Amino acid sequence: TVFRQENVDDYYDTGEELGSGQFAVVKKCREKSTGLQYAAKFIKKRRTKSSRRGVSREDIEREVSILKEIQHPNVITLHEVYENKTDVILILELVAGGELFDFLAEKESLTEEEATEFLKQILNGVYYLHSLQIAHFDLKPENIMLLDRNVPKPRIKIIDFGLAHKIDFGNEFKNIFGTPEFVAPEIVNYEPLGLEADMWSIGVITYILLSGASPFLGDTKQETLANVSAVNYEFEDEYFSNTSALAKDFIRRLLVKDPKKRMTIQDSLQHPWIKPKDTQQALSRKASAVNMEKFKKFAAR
């Protein structure tokens, strides 16, 4: 595949840095023909196969091919792709409202009901992806962003498709990648991967959202990975005293070692913490609250 060969500067004015990755810088940009704003993600090509100073073409093409297919309110879309001698440049939907957790940490309080309204949008974005056999594989709080934080109901946008893969029937995918505190045991243990890893990651996100504690984070990388592999976590009363039983059950069904026994996205949407079956369930959720003092501390990390 060949992407657009023109100088991106002919079509866009580039602005400030929005963020960066190992081999990527993301800048705000303005499309000259429309005056509309986008995010330009400049990915460094490795260029020579023996160089470790950039991304392989296969990995860039994969990210691009996944982003091209996706069209859903809770995931970013690809607008255009350009390339020059050094870079592949992805013009992405601009997400301007920062990370979800930073926005939530500015609130005075947050009930589980209010928390689930945000979580539900993540679940909807992932439901979409999984419906197309796309595993995101890098779900973590920093990849959960807000389109615009200054509206009454902020919209979640899942970003960062640098690790995403189409799950292809007939060919096993195994790899070790991603951030130790957020990856599933099958990633840790180099076992067959699928849509299930994302579900684990959602359990981790939810655990942090409610408590301000990371379920598996140890004092070293090696220790974090051992916690994940052993499914060594607790609902510490210091953090979870005001957390509903339905919320803990939601989490418990996601933080499951065997991928085949873990809750699927479709089941997570029907879980009573997400979709209460009666008045009593809806009342618990409303009555329960995020641990805001502790949560605010997490977001500061």
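For the two forms, the rigid core is made up of the largest set of C-alpha atoms that agree within 1.5 Å on superposition. When you see a residue number, it is the position in the sequence shown, counting from 1.
Between 181 to 189 and 113 to 121, the larger mean CA deviation from the shown form in 8 other deposited structures of this protein, after core superposition, belongs to 113 to 121. Core superposition of the other structures onto this form places the C-alphas of 161 to 169 farther off in 8 other deposited structures of this protein than those of the other stretch among 75 to 83 and 161 to 169. Coverage remark for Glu108: absent from the model in at least one third of the other entries compared whose chains are built on both sides. Taking the PDB entry as given, 97 to 105 carries the higher mean Cα B factor of the two stretches 137 to 145 and 97 to 105.
Comparing 60 to 68 with 269 to 277, the higher mean C-alpha B-factor in the PDB entry belongs to 269 to 277. Per the deposited record, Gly170 carries the highest C-alpha B-factor of all listed residues (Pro180, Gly170, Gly194, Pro73). When all modelled residues of the chain are sorted by CA temperature factor, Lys85 is found within the highest third.
Split the chain's modelled residues into thirds by C-alpha temperature factor. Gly203 is in the lowest one. The deposited CA B-factor of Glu31 belongs to the lowest third of values across its chain.
Per the PDB record, residue ranking by Cα B-factor puts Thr111 in the highest third of the chain.
Split the chain's modelled residues into thirds by C-alpha temperature factor. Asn124 is in the lowest one.
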